[PDB]
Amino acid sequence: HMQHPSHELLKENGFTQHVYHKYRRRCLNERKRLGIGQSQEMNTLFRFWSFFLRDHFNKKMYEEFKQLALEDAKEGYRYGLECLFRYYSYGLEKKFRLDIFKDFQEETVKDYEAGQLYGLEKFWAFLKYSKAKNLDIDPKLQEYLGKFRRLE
């Protein structure tokens, strides 16, 4: 009776367009009314996307997740982007997608150049867990990953 909409939507047969649309609408409306980073309901949506897209990818949903996460991080509220990096690392481990991998590299490079390591650690973690071989890794990103190689 008290279960959160995101909890229902993450069940195997639990996702329905009707429930998700009403949930997404309220979250986005709260983000606009209360402001970026000020809506805890919006944070649950970031968390939902981070998990749900691993098993049920959809281009437009991912692109909205990505766009809002980056908007929030620019304002200084990084939960959305942390959810995105977790999606990249765990999601690409589950099923590799070339276009999503390219985004993963691009956002990791930006994250590192902004003085953060959360993205770089998640990329390094992906490399340790994934079975994917012959990856085409940005030469600049390989250089950044060199910091972690000397540590282990």
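For the two forms, the rigid core is made up of the largest set of C-alpha atoms that agree within 1.5 Å on superposition. When you see a residue number, it is the position in the sequence shown, counting from 1.
* Asked: C-alpha RMS from this form in 4 other deposited structures of this protein, rigid core superposed: larger for 122-130 or 56-64?
  -> Between the two stretches, 122-130 moves farther in 4 other deposited structures of this protein.
* Asked: Comparing 9-17 with 136-144, where is the mean C-alpha B-factor higher?
  -> In the deposited entry, the stretch with the higher C-alpha B-factor mean is 9-17.
* To do: Could you check the entry and say whether 81-89 or 33-41 has the higher mean CA B-factor?
  => Going by the record's values, the stretch with the higher mean is 33-41.
* Between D103, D111, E121, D55, where does the Cα B-factor run highest in the record? -> Highest CA B-factor of the listed options: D55.
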